Protein chains: 4
Amino acid sequence: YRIXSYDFXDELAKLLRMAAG
Amino acid sequence: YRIXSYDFXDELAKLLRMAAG
Amino acid sequence: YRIXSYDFXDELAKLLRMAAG
Amino acid sequence: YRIXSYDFXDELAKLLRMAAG
């Protein structure tokens, strides 16, 4: 799930993990 | 990834799919 | 994450939910 | 999606990225 070359999907996954611990 | 009994993770996955086709 | 006309990413997400539900 | 002290969900997401990168 990318906006151009930016992996939005991956970055969203990182936020889910960081928020959840 | 749930807010209480609501599966936010799952619903987010559905949005990623619906938006992307 | 597709394998041809198959949304593998989506199926994996549904599997995670099914197994954890 | 954890298996004990292991974030399986996170590792799966990273694998999808690695294989598709």
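Side-chain atoms are counted along with the backbone in the values below, which use heavy atoms only and exclude waters and symmetry mates. Lettering follows sequence order; numbering is per chain, from 1.
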CE/B:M18 to NZ/B:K14 distance, rounded to the nearest 0.5 angstrom?
->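 B:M18 CE to B:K14 NZ: 11.0 Å, rounded to 0.5 Å.
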At what distance, to the nearest 0.5 angstrom, does OG of D:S5 lie from CZ of D:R2?
->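 That separation rounds to 11.5 Å.
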May I ask whether B:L15 and B:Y6 are part of the same hydrophobic cluster, defined by side-chain heavy atoms of I, L, V, M, F, W, Y residues being less than 4.5 angstrom apart, directly or through others?
->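 Each belongs to a different hydrophobic cluster.
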Common cluster, D:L12/C:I3, ILVMFWY with side-chain heavy-atom separation under 4.5 Å =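 Both belong to a single hydrophobic cluster.
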Identify, with sequence neighbours excluded, every residue that meets salt bridge (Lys or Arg N to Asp or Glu O under 4.0 Å) alongside C:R17.
->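 C:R17 satisfies salt bridge (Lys or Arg N to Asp or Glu O under 4.0 Å) with no residue once adjacent residues are dropped.
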What heavy-atom pair brings B:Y1 and A:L16 nearest, and what distance separates the two atoms?
->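 For B:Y1 versus A:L16, the nearest heavy atoms are CE2-O, 3.7 Å.
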